[PDB]
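Chains as they are written, first to last, in the entry's author numbering: chain V, 22 to 58; chain X, 22 to 232; chain B, 175 to 232; chain S, 175 to 232; chain Y, 22 to 58; chain U, 175 to 232; chain H, 62 to 122. Everything below concerns the one structure shown next.
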Ligand SMILES: *C(=O)CCCCCCC
Ligand SMILES: *C(=O)CCCCCCC
Ligand SMILES: *C(=O)CCCCCCC
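Given below as structure tokens:
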């Protein structure tokens with residue numbers, strides 16, 4: 022049937038939320054690098 | 022029915038109201054900057070590749086697979102033997118007379134088997150996905166979904182996979198053949214989709230019929 | 175739903191400049207192209223015909 | 175499912191510059207190309223016909 | 022039948038997870054080489 | 175299954191530069207090209223016809 | 062050169078025209094000294110390897 026609930030091939034949430042970057046440390050620098058892996 | 026209230030695909034308010042800017046501080050300056058959300062360091066000459074969770078990336082779906090196979094076999098055999106003493110001389114009548122040695126036999130055999138199979142699939146389109154995780158070696162896990170509703174039903178195109186950043190082109194796009202764990206899905210609903218499922222009786226027969 | 179699965183062993187000096195290898199250079203190649211749904215069910219032989227294909231005298 | 179199996183003995187000075195050897199230069203060549211499934215079952219002779227092919231007088 | 026469970030030709034998991042590299046030793050060097058076979 | 179067997183004696187000064195000899199330069203050449211399976215069984219004469227081919231008067 | 066550019070963050074499309082004049086491909090050779098310790102320095106020899114005219118004022122990457 023077409024009314025029986027089936028799960029989709031691509032499961033879970035299909036979107037992501039950007040996260041705010043860290044607060045810049047108050048040295049004399051403009052270049053701020055978030056923790057780099 | 023057409024009078025039963027259904028919710029639209031695009032829900033909520035479809036408009037926004039501009040907000041008045043802040044009152045300018047009375048320093049000696051004309052340049053007034055509203056509170057700017059500081060984003061991190063951004064390179065200048067490097068291409069716009071996705072780097073963090075939430076960045077977007079265009080996938081160019083171009084799939085084309087085609088496999089096939091076949092085989093056969095055959096065998097045959099014929100045979101036909103005969104012997105007939107038409108006029109037997111007298112001194113041989115004691116051995117080949119009265120057709121006591123005539124003979125005639127035939128035989129045949131045949132066989133032919135064969136078989137084959139094939140499969141194919143194509144896919145063409147474009148879809149923008151979003152990064153939802155950055156792996157330990159720099160690869161990006163991407164997911165995406167596009168929903169369309171043209172006048173009667175609703176179609177869903179979903180995509181999921183893993184991308185290597187050094188494959189993204191200069192225009193922030195990747196062909197779908199370079200994604201590792203590609204999961205593509207193109208489905209729909211409405212009665213147009215319901216008209217393409219087999220009836221439960223025919224589905225039962227297709228599996229349990231003897232032939 | 176169609177599934178294309180692949181497994182094998184690759185020698186690094188055969189990978190091209192665009193990070194690609196033709197499948198004829200993989201050692202223990204296992205390729206699989208299968209599917210499900212009623213489109214796939216319409217291509218299996220019926221159990222009676224399958225029985226006859228094996229146990230029929232000719 | 176189709177299986178292609180190969181076994182043999184190779185002399186290193188016959189391997190080309192692209193790491194390839196034609197199969198006519200392998201000594202104890204054993205090549206095999208078989209399959210299974212009902213497509214392969216449809217190519218074996220029936221047991222009765224197989225019996226007749228061997229024991230029929232002609 | 023088509024409902025009888027059969028195992029696929031390619032068995033096991035068809036994906037792998039990258040492992041984080043080792044922590045770099047604090048000599049005066051930028052070049053850090055993970056244990057090379 | 176098909177079998178190609180070969181046996182013989184070779185004189186080294188006849189081997190070409192590519193390590194190859196034409197079979198007409200081998201002394202005690204024994205060549206054999208046989209097979210098995212029902213394809214080969216379909217090419218033997220029936221025992222009755224084989225008997226008649228030898229003992230029939232004409 | 063395309064490999065290096067891609068590593069740095071710039072992906073040049075494939076099958077495009079590219080004709081340089083200020084770049085040469087070279088082989089670098091050196092002698093690993095006895096009891097060498099990490100951080101020390103040695104001297105290298107640089108040699109052209111295809112149809113280059115001169116390495117007069119070049120820099121080794
Ligand atoms: C969808 O609702 C189809 C379900 C019918 C299956 C049983 C019919 C008697
Ligand atoms: C729209 O109003 C259609 C609803 C009719 C459904 C029931 C008919 C007996
Ligand atoms: C798939 O479910 C087919 C199984 C039927 C085999 C036995 C039929 C009596």
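For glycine and all other residues, C-beta sits at the position ideal for the given N, C-alpha and C.
Sorry if obvious, but does the Cβ on residue 216(B) come closer than 8 Å to a heavy atom of ligand 3?
For the purposes of this step, residue 216(B) is identified with residue 42 of the third chain, where counting begins at 1. Checking every heavy atom of ligand 3 against the Cβ of residue 216(B), none is found closer than 8 Å.
Can you give me the C-alpha to C-alpha distance between residue 91(H) and residue 193(U), rounded to a whole angstrom?
Here residue 91(H) corresponds to residue number 30 of the seventh chain, with the count starting at 1. Here residue 193(U) corresponds to residue number 19 of the sixth chain, with the count starting at 1. Cα-Cα distance, rounded: 43 Å.
Just reading off the beta strand (DSSP E) that residue 205(B) is part of, what are its end residues?
Numbered from 1 along the third chain, position 31 holds the residue referred to as residue 205(B). Where residue 205(B) is concerned, the enclosing beta strand (DSSP E) stretches over 204-209.
Tell me whether residue 213(U), by its Cβ, gets closer than 8 Å to a heavy atom of ligand 1.
Taking the first residue of the sixth chain as 1, we reach residue 213(U) at position 39. Residue 213(U): no, Cβ never under 8 Å from ligand 1.
CB-CB under 8 Å to residue 30(X), same chain, minus the five flanking residues each way: which ones, in chain order?
Counted from its first residue, the second chain places residue 30(X) at position 9. Within the same chain, residue 30(X) has close Cβ partners 168, 170 and 175.
What does residue 214(B) reach in chain S if we use C-beta pairs closer than 8 Å?
Locating residue 214(B) in the third chain gives position 40, counting from the first residue. Neighbours of residue 214(B) on chain S: none; closest Cβ ~14 Å, over 8 Å.
Backbone secondary structure at residue 67(X) - three-state DSSP
Here residue 67(X) refers to the residue found at position 46 of the second chain. Coil at residue 67(X), not helix or strand.
Please state whether the Cβ-Cβ distance between residue 85(X) and residue 147(X) is less than 9 Å.
Along the second chain, read from residue 1 onward, the residue named residue 85(X) stands at position 64. Along the second chain, read from residue 1 onward, the residue named residue 147(X) stands at position 126. Their beta carbons are not under 9 Å apart, which means residue 85(X) does not touch residue 147(X) by this criterion.
For residue 139(X), the three-state DSSP class (helix, strand or coil)
Position 118 of the second chain, counted from the start, is the residue given in the question as residue 139(X). Residue state, collapsed to three classes: strand.
Between which two residues does the beta strand (DSSP E) holding residue 88(H) run?
As a working mapping, residue 88(H) is identified with position 27 in the seventh chain. Note, residue 88(H): beta strand (DSSP E), 87-91.
Short of 7 Å in beta carbon distance, which residues of its chain neighbour residue 184(U), apart from the five on each side in sequence? Order them along the chain.
If you number the sixth chain from 1, residue 184(U) lands on position 10. Within the same chain, residue 184(U) has close Cβ partners 195 and 200.
Report whether the distance from the Cβ of residue 222(X) to the nearest heavy atom of ligand 3 is below 8 Å.
Here residue 222(X) refers to the residue found at position 201 of the second chain. False, no ligand heavy atom lies under 8 Å from that Cβ.
Output the residue ranges of the beta strand (DSSP E) runs that lie fully inside the segment 145-225 of chain X and measure 3 residues or longer, sorted by chain position.
161-169, 175-184, 194-196 and 204-210
Does the beta-carbon of residue 24(V), which I'm using as the reference point, lie nearer than 8 Å to any heavy atom of ligand 1?
Taking the first chain and counting its residues from 1, the one referred to as residue 24(V) is at position 3. Result yes, Cβ under 8 Å from ligand 1.
I need the boundaries of the alpha helix (DSSP H) containing residue 85(X), first residue and last residue.
Taking the second chain and counting its residues from 1, one reaches residue 85(X) at position 64. No alpha helix (DSSP H) contains residue 85(X), which is instead part of the beta strand (DSSP E) from 77-104.
Which residues does DSSP list as the beta-bridge partners of residue 132(X)?
As a position in the second chain, residue 132(X) is number 111, starting the count at 1. For residue 132(X), which the question treats as bridged, DSSP gives the partners 96(X).
Grouping DSSP H, G and I as helix and E and B as strand, with all else coil, what is residue 67(H)?
Stepping through the seventh chain from its first residue, residue 67(H) is reached at position 6. Of the three classes helix, strand and coil, the one that applies to residue 67(H) here is helix, per DSSP.
Quick check: the segment 210-226 of chain X against the segment 24-40 of chain X, are at least 3 beta-carbon pairs closer than 8 Å?
no
Specify whether the segment 117-135 of chain X and the segment 148-157 of chain X touch according to this definition: at least 3 beta carbon pairs, one from each stretch, less than 8 Å apart.
Note that the segment 117-135 of chain X does not touch the segment 148-157 of chain X; fewer than 3 beta-carbon pairs, one per stretch, sit closer than 8 Å.
Going by other Cβ atoms of all chains shown within 10 Å of its Cβ, with 16 needed for buried, is residue 96(X) buried or exposed?
Stepping through the second chain from its first residue, residue 96(X) is reached at position 75. Buried, by the Cβ-count rule.
When the Cα atoms are used, what is the spatial distance from residue 204(S) to residue 221(S)?
Reading the fourth chain from its first residue, position 30 is the one you call residue 204(S). Reading the fourth chain from its first residue, position 47 is the one you call residue 221(S). Cα-Cα distance, rounded: 28 Å.
Apart from the five residues on each side of it in sequence, which residues of its chain come closer than 6 Å, Cβ to Cβ, to residue 93(X)?
For the purposes of this step, residue 93(X) is taken as the residue at position 72 of the second chain. Taken in chain order, the residues that qualify are 135.
Going by the CB atoms, is the gap between residue 95(H) and residue 190(X) shorter than 9 Å?
Sequence index remark: in the second chain, residue 190(X) carries index 169 (1-based). Sequence index remark: in the seventh chain, residue 95(H) carries index 34 (1-based). Cβ atoms of residue 190(X) and residue 95(H): not closer than 9 Å.
Do three or more CB pairs link the segment 33-40 of chain X to the segment 158-167 of chain X at distances below 8 Å?
no
Does the beta carbon of residue 98(X) come closer than 9 Å to any beta carbon on chain U?
Sequence index remark: in the second chain, residue 98(X) carries index 77 (1-based). Closer than 9 Å: yes.
Use the C-beta contact count for residue 225(U): other C-beta atoms within 10 angstroms, 16 or more gives buried, fewer gives exposed.
Within the sixth chain, the letter at position 51 stands for residue 225(U). It counts as exposed.
Whole angstroms is fine: what's the gap from residue 202(S)'s alpha carbon to residue 181(S)'s?
Against the fourth chain, residue 202(S) aligns to sequence position 28. Against the fourth chain, residue 181(S) aligns to sequence position 7. Approximately 7 Å, taken between the alpha carbons.
Please classify residue 120(X): does DSSP put it in a helix, a strand, or coil?
Numbered from 1 along the second chain, position 99 holds the residue referred to as residue 120(X). In this structure, residue 120(X) counts as helix in the three-state DSSP scheme.
Nearest chain V C-beta to residue 146(X) closer than 9 Å, yes or no?
Taking the second chain and counting its residues from 1, one reaches residue 146(X) at position 125. No, no contact with chain V.
Hey, how far is the Cα of residue 55(Y) from the Cα of residue 163(X)?
Indexing the fifth chain from 1 puts residue 55(Y) at position 34. Indexing the second chain from 1 puts residue 163(X) at position 142. Straight through space, the alpha carbons of residue 163(X) and residue 55(Y) are spaced by roughly 28 Å.
Residues in the segment 175-197 of chain S having any Cβ partner in chain X nearer than 8 Å:
Those would be 176, in chain order.
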